[PDB]
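Data first, discussion second: the structure below is written as structure tokens.
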Amino acid sequence: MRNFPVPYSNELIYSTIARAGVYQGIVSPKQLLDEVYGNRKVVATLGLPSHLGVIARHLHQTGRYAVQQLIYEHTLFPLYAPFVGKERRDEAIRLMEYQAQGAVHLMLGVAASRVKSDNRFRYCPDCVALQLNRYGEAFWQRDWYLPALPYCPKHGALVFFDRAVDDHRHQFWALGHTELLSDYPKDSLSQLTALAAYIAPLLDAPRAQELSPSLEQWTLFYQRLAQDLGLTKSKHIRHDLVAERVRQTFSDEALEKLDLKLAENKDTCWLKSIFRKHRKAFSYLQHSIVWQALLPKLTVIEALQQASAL
Amino acid sequence: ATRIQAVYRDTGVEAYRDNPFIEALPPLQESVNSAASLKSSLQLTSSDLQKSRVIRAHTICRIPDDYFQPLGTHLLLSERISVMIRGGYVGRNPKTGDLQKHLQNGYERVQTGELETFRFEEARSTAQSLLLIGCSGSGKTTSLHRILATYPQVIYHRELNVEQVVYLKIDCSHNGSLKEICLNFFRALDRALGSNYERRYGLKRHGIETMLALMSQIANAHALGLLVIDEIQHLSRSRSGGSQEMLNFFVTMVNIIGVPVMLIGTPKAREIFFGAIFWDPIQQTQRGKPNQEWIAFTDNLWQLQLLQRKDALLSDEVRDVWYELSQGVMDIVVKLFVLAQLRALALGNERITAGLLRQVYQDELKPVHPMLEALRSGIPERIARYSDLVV
Amino acid sequence: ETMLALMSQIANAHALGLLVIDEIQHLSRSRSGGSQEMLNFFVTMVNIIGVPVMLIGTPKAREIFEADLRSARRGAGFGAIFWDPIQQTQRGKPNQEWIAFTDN
Amino acid sequence: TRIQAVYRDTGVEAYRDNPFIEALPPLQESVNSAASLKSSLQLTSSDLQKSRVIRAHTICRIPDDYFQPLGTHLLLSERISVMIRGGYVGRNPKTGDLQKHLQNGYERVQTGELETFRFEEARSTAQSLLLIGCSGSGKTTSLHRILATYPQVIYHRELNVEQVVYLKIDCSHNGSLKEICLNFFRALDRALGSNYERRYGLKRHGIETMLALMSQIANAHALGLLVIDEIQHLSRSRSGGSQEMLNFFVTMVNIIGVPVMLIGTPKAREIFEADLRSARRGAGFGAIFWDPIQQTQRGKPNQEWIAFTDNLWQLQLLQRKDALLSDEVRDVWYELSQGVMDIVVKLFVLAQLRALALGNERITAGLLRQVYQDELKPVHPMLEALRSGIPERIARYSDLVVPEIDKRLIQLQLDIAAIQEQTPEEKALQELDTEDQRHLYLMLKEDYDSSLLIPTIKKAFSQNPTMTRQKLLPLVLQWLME
Amino acid sequence: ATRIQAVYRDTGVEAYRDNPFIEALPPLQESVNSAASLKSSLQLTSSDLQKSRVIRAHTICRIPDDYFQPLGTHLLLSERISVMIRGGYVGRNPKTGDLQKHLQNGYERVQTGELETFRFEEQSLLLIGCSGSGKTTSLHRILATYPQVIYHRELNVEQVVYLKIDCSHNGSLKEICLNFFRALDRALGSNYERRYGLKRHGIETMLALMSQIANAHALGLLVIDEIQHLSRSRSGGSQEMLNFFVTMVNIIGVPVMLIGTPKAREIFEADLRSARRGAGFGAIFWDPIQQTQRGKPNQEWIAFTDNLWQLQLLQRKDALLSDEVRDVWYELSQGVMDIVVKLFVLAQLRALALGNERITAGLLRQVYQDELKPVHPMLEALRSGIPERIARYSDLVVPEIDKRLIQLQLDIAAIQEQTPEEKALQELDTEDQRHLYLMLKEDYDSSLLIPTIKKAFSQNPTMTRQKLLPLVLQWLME
DNA sequence: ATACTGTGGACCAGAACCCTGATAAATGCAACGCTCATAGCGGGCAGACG
DNA sequence: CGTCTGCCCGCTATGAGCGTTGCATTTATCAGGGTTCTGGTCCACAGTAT
Ligand SMILES: Nc1ncnc2c1ncn2[C@@H]1O[C@H](COP(=O)(O)OP(=O)(O)OP(=O)(O)O)[C@@H](O)[C@H]1O
Ligand SMILES: Nc1ncnc2c1ncn2[C@@H]1O[C@H](COP(=O)(O)OP(=O)(O)O)[C@@H](O)[C@H]1O
Ligand SMILES: Nc1ncnc2c1ncn2[C@@H]1O[C@H](COP(=O)(O)OP(=O)(O)O)[C@@H](O)[C@H]1O
Ligand SMILES: [Mg+2]
Ligand SMILES: [Mg+2]
Ligand SMILES: [Mg+2]
Ligand SMILES: [Zn+2]
């Protein structure tokens with residue numbers, strides 16, 4: 001392609017590809033894959049996109065955009081980066097530049113989602129108006145497409161609608177103006193919005209890539225915080241005090257809406273596994289919930305740095 | 001195909017304050033010195049006059065290709081082109097988000113198929129149109145090409161990724177079919193750019209509305225500034241019902257899409273048909289005196305001689321003979337002068353004269369004697385006869 | 001038009017110098033469209049870049065390339081060249097070229 | 001390679017006028033049928049005193065140019081001759097004016113003079129055979145050597161037909177039910193000069209379509225044998241199952257004549273044995289089994305093993321060679337190679353190659369021992385399976401061979417090449433134990449004497465050990481050179 | 001066009017007897033040491049170090065050109081190439097009938113004529129290794145012993161002993177198919193491609209034309225180099241990639257060698273993964289110099305390092321190597337021959353201008369983390385030892401080396417300051433008696449020495465030097 | 001000061017997907033056929049002389 | 001009143017532009033064995049009531 005659009009601030013590269021298709025009058029998706037990439041064997045994905053580097057070659061004459069900038073500021077990788085580890089993170093960064101599509105999804109154990117978790121398209125009530133007033137266009141923002149939280153960090157809640165990624169595969173779809181939120185209010189829980197607002201600062205941080213604790217330090221961090229908070233007696237979990245501490249911030253219905261329902265009656269649980277020695281990388285939601293429930297006077301960057309340093 | 005990284009300027013008009021497109025253009029020259037800017041002539045030098053025969057004969061034939069002289073209408077055309085290409089960027093600002101509304105609309109036109117669809121109400125288009133028709137043998141294909149040589153055509157911006165083409169020139173097909181303008185446009189928009197738009201948009205089995213809206217959208221993906229079409233006379237030879245379709249599409253594009261369009265055609269193209277500008281061949285007498293423009297043209301064409309002998313001053317008899325043999329048309333003056341020089345060098349007389357001019361015309365313009373004699377006679381019936389005669 | 005546009009690409013890939021057309025007289029006037037069609041097609045070759053052409057025909061094929069100012073102008077170009085039979089007596093004395101050719 | 005055809009009469013009367021059999025080499029009188037198979041590289045006496053690189057190259061070349069004909073190859077050669085020159089009865093082109101004969105028979109059978117007559121020529125009894133044996137016993141080289149005696153292409157001047165006597169196919173590492181069909185086209189387009197693979201072997205056609213086109217291709221010519229070798233590599237997971245493989249391989253009826261032969265390890269023997277009909281037709285007439293050679297089959301040790309060991313020992317090329325072979329060397333060859341043909345020759349080659357590397361320049365039983373525990377790791381399951389003798393373990397572990405042994409041979413040759421370089425000039429430097437006197441060594445003799453300066457500094461240091469580098473220098477001239 | 005009149009010599013091998021195309025080659029007796037005779041050294045006199053810094057820098061920058069140390073992986077390749085070329089002329093013997101006629105005669109004799117039997121039986125190679133291991137440069141100079149064109153006078157046949165081809169960036173099969181005739185016409189001077197290589201012919205026809213001219217002209221070796229530069233997608237899939245090479249090897253019939261990277265090994269995995277000695281395609285691997293050999297340091301490394309170490313030109317250099325300076329080369333370079341001598345030559349130039357005129361381990365880190373940037377993925381892949389990363393991060397060759405060389409040669413000009421050593425050299429008259437000064441620098445201080453040598457050389461007893469060296473020392477000590 | 005109970009870490013085995021091969025089917029795409037337009041043509045009709 | 005020789009016009013022939021359509025071509029669909037996922041297991045061990 002000759003005139004490739006430059007992505008806006010906080011925009012998925014998928015929406016940039018879709019707007020490139022919109023600008024130059026390409027309707028058939030096969031032509032779009034022929035011109036953007038050169039091959040008709042590329043799967044369209046939201047978050048952790050593959051075949052990057054080709055999208056950067058069209059932006060070669062703009063020296064500021066490279067593989068690293070696109071992979072830290074226009075994808076959903078920084079959310080998965082600090083928690084998976086160091087070697088796995090670096091290998092994923094080095095692999096998303098090549099032609100591997102399913103390898104990116106399958107290498108990270110945390111990212112091995114298998115079946116999609118409600119992969120339909122979402123937007124916001126007031127973000128679209130702000131984008132139209134500031135840009136004159138609409139795009140799939142990175143804030144909207146949280147892996148499991150259908151909640152804008154600034155607004156109440158998202159608004160799902162029809163169509164899904166698994167239904168039609170090779171199509172890059174971008175919202176224009178012909179569809180928008182019809183006037184009806186959507187109920188929103190304050191705790192979930194607070195959690196989303198707390199966790200959203202992770203996608204824009206200069207040190208969000210270096211602050212990656214190793215596999216062994218996580219259990220030491222958990223034991224140190226439990227010792228300083230004095231919950232453990234002697235290498236033991238109360239099974240009720242930690243449950244009450246979590247319940248003081250998050251209720252049962254909010255956790256059910258997040259599929260992270262507490263199972264305090266049964267020995268196996270995500271919190272219990274966090275207490276035990278870790279095996280594989282855990283999702284951002286579990287770590288954020290544990291950190292916020294067990295310490296409410298700190299933010300993501302300082303807590304992650306404290307965990308990594310010692 | 002001169003790819004330049006643009007460096008921005010700061011114009012004095014508040015309507016043009018923050019565009020990158022129209023800041024990138026070179027400034028509008030003052031008409032006092034714009035006439036001197038257009039002036040070009042052969043470098044001559046006196047070392048040729050003492051050289052061999054065929055070498056000297058070769059460089060005389062470069063006079064019709066290297067000689068240009070500005071006139072009164074040249075400044076008006078330059079000012080009008082500058083105004084019409086500066087008025088076509090005030091509605092497609094990409095910095096403040098106005099091109100992204102002129103370009104989102106262009107996709108629902110392709111999807112639906114109709115050119116009159118509109119998704120954003122505030123997407124306004126500011127563009128102009130102008131037709132330039134003058135008697136054949138006036139220069140309206142090289143004068144335009146020399147006016148549009150200041151602008152470097154393709155210019156590349158840095159903050160954006162747009163490779164803005166300043167102007168584009170295409171020719172109507174002799175057939176006049178609907179699927180030929182939308183093809184030589186895609187040929188002219190990848191000859192000067194290095195891409196392949198034709199292999200995308202023309203090879204496939206497409207319709208006519210699809211390939212009429214695709215052109216109007218790809219002419220806004222790049223911020224095209226002026227689409228000029230020459231030889232518009234060809235549409236009258238097209239199939240039945242196809243002459244008016246272009247006459248509506250080239251007024252819808254100016255109004256809706258917003259790309260300014262300039263159409264140039266021969267005098268025969270008044271009946272088939274925005275502003276109107278008419279050109280006429282030069283006439284030496286305005287009211288009762290030989291005109292300064294004609295006198296200067298001849299006195300400056302004089303010095304482009306490589307005859308071993310000559311005379312200091314031109315004579316009124318020779319001037320009258322030249323005017324009578326030319327009948328005012330621009331090209332025939334230069335053609336007659338170069339042919340007379342060629343015949344003088346061939347004959348062996350190193351001097352030019354009126355009888356020499358007459359014999360050169362008579363022996364070397366045999367296809368041209370009928371209509372030149374018609375012009376010399378000046379009968380209104382003979383002028384109305386044939387086509388594209390001055391009237 | 002498609003082949004005539006491919007002509008420009010072929011003539012710009014290799015620096016063609018002179019494209020001469022001969023035996024125009026051997027053209028049937030009923031299998032192409034008409035005299036106006038012939039004229040318009042042979043004027044359409046102004047778009048091809050450079051590549052000067054030269055036209056060849058019989059004096060009965062001169063009638064097509066006439067009566068139109070632009071067509072006549074492109075027909076003329078560098079004047080007119082008219083091959084003619086060797087007349088015996090241009091001057092009072094018979095022409096020397098006829099004598100030399102006959103003797104040789 | 002189209003050889004012109006010339007005919008010769010044969011003793012058997014069943015082929016009195018058959019051209020496709022008489023255009024072949026004569027029937028092998030089995031007195032020296034496999035005697036020509038015997039091959040041994042020259043080993044001229046002048047090659048003993050030679051550079052190490054060329055000798056190592058000859059050592060690496062030994063396995064290709066050595067082929068000992070055993071006593072069990074005679075049966076295989078006889079079988080191949082029988083079912084190649086016995087399957088041409090139904091593909092006879094020597095047919096006269098049969099129109100008149102058939103018309104006369106039809107006229108005479110209806111008028112009552114004759115009451116019966118045979119009118120059918122569709123008489124073709126296809127033959128099939130398995131060759132089953134442990135891997136490494138030589139089921140491919142000892143078949144190519146036998147089948148190279150028969151010309152592959154013979155051209156008839158009177159007709160316009162060719163007899164592709166043998167056509168060889170090998171499966172890929174993964175393998176599938178379509179790769180063999182494509183490989184038939186690939187091999188026949190290489191045997192002759194044509195474009196059969198692009199003309200017929202198309203992607204769109206189904207497996208049965210190529211199997212049917214095989215009939216036309218192999219019946220247009222007078223094809224005589226179709227060897228599909230190494231079916232062990234066929235991936236059962238990528239095939240479709242352990243039953244449709246049999247249902248495809250017993251579908252050799254629809255190709256007329258064409259006696260097919262299949263070779264495989266006993267891992268496929270259990271595959272090709274599930275029912276009566278497949279066991280009958282896959283192995284139509286017997287199934288020769290190749291077993292590792294033993295020291296003794298009768299009370300006396302087998303003489304074939306002794307002859308093979310002596311012939312391989314005589315081929316040895318070393319500066320220090322022992323003519324007499326001790327019986328302990330034969331005992332360790334048997335105890336470490338258990339008669340497997342591949343293992344013994346590679347073991348001997350690696351021992352002879354390592355003898356150059358270590359510089360002992362002699363072959364010992366112990367050297368065979370450390371090369372055995374050093375370079376033969378992946379072939380172990382064969383070794384303990386044959387030592388234990390359990391058929392289940394042998395059948396479970398009969399598909400494995402040492403991988404990339406050629407790269408190991410190249411690495412050993414490169415090591416031998418790099419070892420060789422020695423410098424007599426460096427012998428003078430080698431007595432310089434002290435070091436940091438190399439400073440004076442380098443600075444002094446570049447423009448000075450280089451003959452006795454190097455040795456005499458050793459004497460100067462030894463005689464005056466309570467000293468350093470600096471003031472050793474000023475009197476070096478007078479004490480050493482003067 | 002290097003035409004040498006053919007002379008005939010006796011070869012001890014009975015297979016090559018009476019073959020006019022073979023004995024024209026150089027004999028085997030003097031060719032044994034020929035490959036080991038490619039060792040080259042840019043030997044210099046100690047007086048050369050006394051000259052200006054520009055001269056020594058210009059002599060040093062020629063090290064990546066004139067320096068060549070054969071190893072154990074370089075003699076074997078030469079022997080293999082010699083044997084492969086010499087064995088490729090056993091078929092085309094003009095003094096003997098064609099092999100088809102011999103086969104027909106053998107069939108006639110195994111027919112009714114009385115004989116037992118006849119065998120109706122009828123070697124491409126590839127050189128794949130790590131990029132920058134020294135392949136093309138090694139081959140260009142191991143093929144120097146064989147004259148390219150040998151002219152026969154008894155017959156009229158020009159014997160092209162070997163030919164060499166080279167690919168270009170993003171090329172296709174047609175480019176090599178035409179470059180073969182380009183190289184052939186550069187060898188002979190005829191117009192073999194002015195009418196035989198038109199655009200009209202397809203690939204099959206063009207190769208059919210190749211085979212007949214390769215068979216009529218006596219041609220022994222056809223080497224195609226830098227196959228890694230050939231573009232895959234432009235030609236198509238990897239199946240016809242192998243098919244074209246297979247049909248090129250099969251129909252021509254001459255021995256053929258290919259040289260490339262492991263990125264072509266995945267192309268040639270078929271016909272090579274299964275042991276096929278009849279088909280050919282034997283593989284020879286080149287690897288970087290392994291510093292550790294069976295738990296011990298490699299002799300080739302410590303000999304190549306010693307030879308490279310003796311040829312350094314510096315003023316106050318430490319002439320002896322330490323273990324750490326040798327060790328850091330294998331950590332910053334991994335032993336590939338492309339960048340070991342590059343690191344040495346860049347380190348010497350940086351030590352010329354930066355600071356003290358000696359080579360240390362610290363400045364090698366500056367070189368590696370400042371200028372030897374782009375090949376970091378290859379170095380990381382080599383350090384990891386993973387074959388996948390090594391294979392898939394090849395083909396990068398750190399271009400624009402010539403501009404770097406000329407700019408480093410020019411940059412040394414802007415040094416107005418004088419280090420005390422060379423300023424003392426210049427203020428001293430240049431009688432080139434300073435060999436003693438350079439010899440005895442460490443033991444005594446310059447202040448005691450150079451004024452004293454000025455006073456002595458003002459009235460030297462005799463003009464002789466290095467015979468009269470000790471007497472100055474006796475004045476020098478007291 | 002020790003046996004009993006809960007617990008953390010290393011660990012078999014059933015199963016759910018999942019890559020893959022074989023087979024059947026929707027389909028864009030040049031590949032001809034349709035139709036329109038344009039210039040000539042040769043036998044039939046008005047016509048006029050024997 | 002026949003008929004015989006020039007006109008013309010409904011035809012006949014052919015070029016140019018566009019409209020279906022046979023065709024592999026590519027896509028989609030279904031059976032199957034394996035491999036990591038995950039699930040509970042258990043085995044030694046830390047802390048404790050007797
Ligand atoms: N004002 C002028 N000064 C100098 N030369 C001129 C002038 N006007 C015309 N000419 C010459 O006359 C010719 C005009 O070019 P051209 O044939 O394209 O003109 P045109 O007849 O107006 O164009 P068109 O092809 O559109 O009918 C050129 O040879 C040009 O040099
Ligand atoms: N009679 C023999 N004499 C010498 N070597 C033999 C003999 N039979 C087999 N070999 C060896 O066996 C090797 C080939 O075995 P191969 O054909 O790969 O076995 P398989 O047929 O099971 O694949 C050759 O290297 C060859 O040296
Ligand atoms: N035997 C050798 N000894 C010393 N330097 C070598 C040797 N072989 C190659 N080199 C060096 O390697 C550098 C690059 O080699 P190059 O010709 O690029 O190899 P390739 O073509 O295989 O990449 C050269 O500058 C050369 O000085
Ligand atoms: Mg014009
Ligand atoms: Mg085998
Ligand atoms: Mg090279
Ligand atoms: Zn929002």
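Each chain in the structure tokens gets a letter, A, B and so on, in the order shown; residues start at 1 in every chain, and ligands are counted from 1 in the order they appear.
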
Check which residues fall inside 8 Å of ligand 5 when counting only C-alpha atoms (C1' of nucleotides) and all ligand atoms, and print them as a PyMOL selection string.
chain D and resi 135-136+138-140+229-230+232+263-265

If we count only C-alpha atoms (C1' of nucleotides), which residues of chain D reach to within 10 Å of chain F? Please list them as a list in words.
residues 176, 177, 178, 206, 207, 237, 238, 239 and 240 of chain D

Taking only C-alpha atoms into account, find every residue of chain E that has an atom no more than 7 Å from chain D, and write it out as JSON, numbers by chain.
{"E": [71, 72, 73, 104, 110, 111, 112, 118, 119, 120, 121, 439, 443]}

Using C-alpha atoms, can you export the residues from the last selection as a PDB file, in the first residue's frame?
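This went into selection.pdb:
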```pdb
ATOM      1  CA  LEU E  71      42.315 -25.247   8.957  1.00  0.00           C
ATOM      2  CA  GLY E  72      41.292 -28.898   9.058  1.00  0.00           C
ATOM      3  CA  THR E  73      38.018 -27.909   7.374  1.00  0.00           C
ATOM      4  CA  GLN E 104      24.723 -52.118 -26.575  1.00  0.00           C
ATOM      5  CA  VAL E 110      25.404 -61.169 -22.710  1.00  0.00           C
ATOM      6  CA  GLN E 111      23.091 -62.384 -25.478  1.00  0.00           C
ATOM      7  CA  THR E 112      23.926 -65.487 -27.573  1.00  0.00           C
ATOM      8  CA  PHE E 118      27.124 -57.512 -17.903  1.00  0.00           C
ATOM      9  CA  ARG E 119      26.009 -54.901 -15.369  1.00  0.00           C
ATOM     10  CA  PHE E 120      23.677 -52.273 -16.856  1.00  0.00           C
ATOM     11  CA  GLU E 121      24.505 -49.710 -14.171  1.00  0.00           C
ATOM     12  CA  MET E 439      63.584  -3.223  22.037  1.00  0.00           C
ATOM     13  CA  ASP E 443      63.772  -1.891  31.365  1.00  0.00           C
TER      14      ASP E 443
END
```

Would you kindly report the residues of chain G within 12 Å of chain C, using only C-alpha atoms (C1' of nucleotides), as a PyMOL selection string?
chain G and resi 13-16

Step one, run DSSP on the backbone; step two, keep only residues of segment 1-77 of chain B assigned to alpha helix (DSSP H); then write them as number ranges by chain.
B: 31-38, 53-60, 63-66, 72-77

Mind writing the picked residues with N, CA and C atoms as a PDB file, in the first residue's frame?
```
ATOM      1  N   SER B  31       2.747  39.117 -10.011  1.00  0.00           N
ATOM      2  CA  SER B  31       2.555  39.198 -11.455  1.00  0.00           C
ATOM      3  C   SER B  31       3.539  40.149 -12.123  1.00  0.00           C
ATOM      4  N   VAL B  32       4.183  41.031 -11.356  1.00  0.00           N
ATOM      5  CA  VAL B  32       5.222  41.886 -11.918  1.00  0.00           C
ATOM      6  C   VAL B  32       6.414  41.050 -12.369  1.00  0.00           C
ATOM      7  N   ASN B  33       6.812  40.067 -11.560  1.00  0.00           N
ATOM      8  CA  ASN B  33       7.936  39.200 -11.884  1.00  0.00           C
ATOM      9  C   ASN B  33       7.513  37.817 -12.361  1.00  0.00           C
ATOM     10  N   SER B  34       6.221  37.483 -12.283  1.00  0.00           N
ATOM     11  CA  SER B  34       5.766  36.195 -12.795  1.00  0.00           C
ATOM     12  C   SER B  34       5.935  36.102 -14.304  1.00  0.00           C
ATOM     13  N   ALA B  35       5.799  37.227 -15.012  1.00  0.00           N
ATOM     14  CA  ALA B  35       6.056  37.232 -16.448  1.00  0.00           C
ATOM     15  C   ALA B  35       7.515  36.910 -16.745  1.00  0.00           C
ATOM     16  N   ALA B  36       8.439  37.474 -15.965  1.00  0.00           N
ATOM     17  CA  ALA B  36       9.851  37.163 -16.143  1.00  0.00           C
ATOM     18  C   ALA B  36      10.187  35.745 -15.704  1.00  0.00           C
ATOM     19  N   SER B  37       9.411  35.176 -14.778  1.00  0.00           N
ATOM     20  CA  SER B  37       9.642  33.797 -14.357  1.00  0.00           C
ATOM     21  C   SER B  37       9.380  32.814 -15.492  1.00  0.00           C
ATOM     22  N   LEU B  38       8.329  33.054 -16.278  1.00  0.00           N
ATOM     23  CA  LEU B  38       7.953  32.132 -17.344  1.00  0.00           C
ATOM     24  C   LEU B  38       8.890  32.206 -18.540  1.00  0.00           C
ATOM     25  N   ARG B  53      28.436  22.755 -40.741  1.00  0.00           N
ATOM     26  CA  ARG B  53      27.176  23.058 -41.404  1.00  0.00           C
ATOM     27  C   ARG B  53      26.027  22.316 -40.727  1.00  0.00           C
ATOM     28  N   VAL B  54      26.140  20.987 -40.655  1.00  0.00           N
ATOM     29  CA  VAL B  54      25.044  20.157 -40.163  1.00  0.00           C
ATOM     30  C   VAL B  54      24.854  20.338 -38.661  1.00  0.00           C
ATOM     31  N   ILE B  55      25.951  20.533 -37.924  1.00  0.00           N
ATOM     32  CA  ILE B  55      25.852  20.813 -36.493  1.00  0.00           C
ATOM     33  C   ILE B  55      25.053  22.087 -36.252  1.00  0.00           C
ATOM     34  N   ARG B  56      25.324  23.130 -37.038  1.00  0.00           N
ATOM     35  CA  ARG B  56      24.563  24.368 -36.910  1.00  0.00           C
ATOM     36  C   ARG B  56      23.119  24.189 -37.351  1.00  0.00           C
ATOM     37  N   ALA B  57      22.876  23.340 -38.350  1.00  0.00           N
ATOM     38  CA  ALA B  57      21.509  23.144 -38.822  1.00  0.00           C
ATOM     39  C   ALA B  57      20.670  22.397 -37.794  1.00  0.00           C
ATOM     40  N   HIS B  58      21.296  21.505 -37.022  1.00  0.00           N
ATOM     41  CA  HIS B  58      20.548  20.724 -36.038  1.00  0.00           C
ATOM     42  C   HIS B  58      19.944  21.597 -34.944  1.00  0.00           C
ATOM     43  N   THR B  59      20.717  22.534 -34.390  1.00  0.00           N
ATOM     44  CA  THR B  59      20.234  23.264 -33.222  1.00  0.00           C
ATOM     45  C   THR B  59      19.203  24.331 -33.563  1.00  0.00           C
ATOM     46  N   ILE B  60      19.003  24.644 -34.844  1.00  0.00           N
ATOM     47  CA  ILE B  60      17.933  25.562 -35.220  1.00  0.00           C
ATOM     48  C   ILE B  60      16.573  24.925 -34.966  1.00  0.00           C
ATOM     49  N   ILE B  63      14.390  25.435 -31.782  1.00  0.00           N
ATOM     50  CA  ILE B  63      13.690  26.683 -31.471  1.00  0.00           C
ATOM     51  C   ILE B  63      12.222  26.455 -31.116  1.00  0.00           C
ATOM     52  N   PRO B  64      11.436  25.678 -31.878  1.00  0.00           N
ATOM     53  CA  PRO B  64      10.024  25.494 -31.495  1.00  0.00           C
ATOM     54  C   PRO B  64       9.826  24.802 -30.156  1.00  0.00           C
ATOM     55  N   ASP B  65      10.828  24.082 -29.651  1.00  0.00           N
ATOM     56  CA  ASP B  65      10.682  23.349 -28.401  1.00  0.00           C
ATOM     57  C   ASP B  65      11.269  24.070 -27.195  1.00  0.00           C
ATOM     58  N   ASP B  66      12.158  25.039 -27.401  1.00  0.00           N
ATOM     59  CA  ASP B  66      12.840  25.712 -26.305  1.00  0.00           C
ATOM     60  C   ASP B  66      12.464  27.180 -26.167  1.00  0.00           C
ATOM     61  N   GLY B  72      -0.331  38.698 -22.180  1.00  0.00           N
ATOM     62  CA  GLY B  72      -1.242  39.256 -21.195  1.00  0.00           C
ATOM     63  C   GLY B  72      -2.084  38.205 -20.498  1.00  0.00           C
ATOM     64  N   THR B  73      -2.586  37.225 -21.253  1.00  0.00           N
ATOM     65  CA  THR B  73      -3.469  36.217 -20.677  1.00  0.00           C
ATOM     66  C   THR B  73      -2.724  35.210 -19.811  1.00  0.00           C
ATOM     67  N   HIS B  74      -1.401  35.116 -19.953  1.00  0.00           N
ATOM     68  CA  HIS B  74      -0.630  34.168 -19.154  1.00  0.00           C
ATOM     69  C   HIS B  74      -0.707  34.500 -17.669  1.00  0.00           C
ATOM     70  N   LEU B  75      -0.607  35.786 -17.322  1.00  0.00           N
ATOM     71  CA  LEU B  75      -0.709  36.183 -15.921  1.00  0.00           C
ATOM     72  C   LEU B  75      -2.104  35.916 -15.368  1.00  0.00           C
ATOM     73  N   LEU B  76      -3.144  36.189 -16.161  1.00  0.00           N
ATOM     74  CA  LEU B  76      -4.504  35.893 -15.720  1.00  0.00           C
ATOM     75  C   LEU B  76      -4.693  34.401 -15.486  1.00  0.00           C
ATOM     76  N   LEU B  77      -4.166  33.567 -16.387  1.00  0.00           N
ATOM     77  CA  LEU B  77      -4.283  32.124 -16.206  1.00  0.00           C
ATOM     78  C   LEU B  77      -3.511  31.655 -14.979  1.00  0.00           C
TER      79      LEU B  77
END
```

Based on the backbone DSSP call, show me all residues of segment 209-418 of chain D assigned strand (DSSP E or B), as a list in words.
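In segment 209-418 of chain D, DSSP puts these residues in strand (DSSP E or B): residues 226, 227, 228, 229, 260, 261, 262, 263, 264, 287, 288, 289, 290, 296 and 301 of chain D.
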
For ligand 4, return the neighbouring residues as an MDAnalysis selection string (distance at most 8 Å; only C-alpha atoms (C1' of nucleotides) and all ligand atoms).
chainID B and resid 139:142 230:231

Identify, counting only C-alpha atoms (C1' of nucleotides) and all ligand atoms, the protein, DNA and RNA residues located within 9 Å of ligand 6, and give them as a list in words.
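Written in the requested form, the residues are residues 131, 132, 134, 135, 136, 137, 166, 225 and 226 of chain E.
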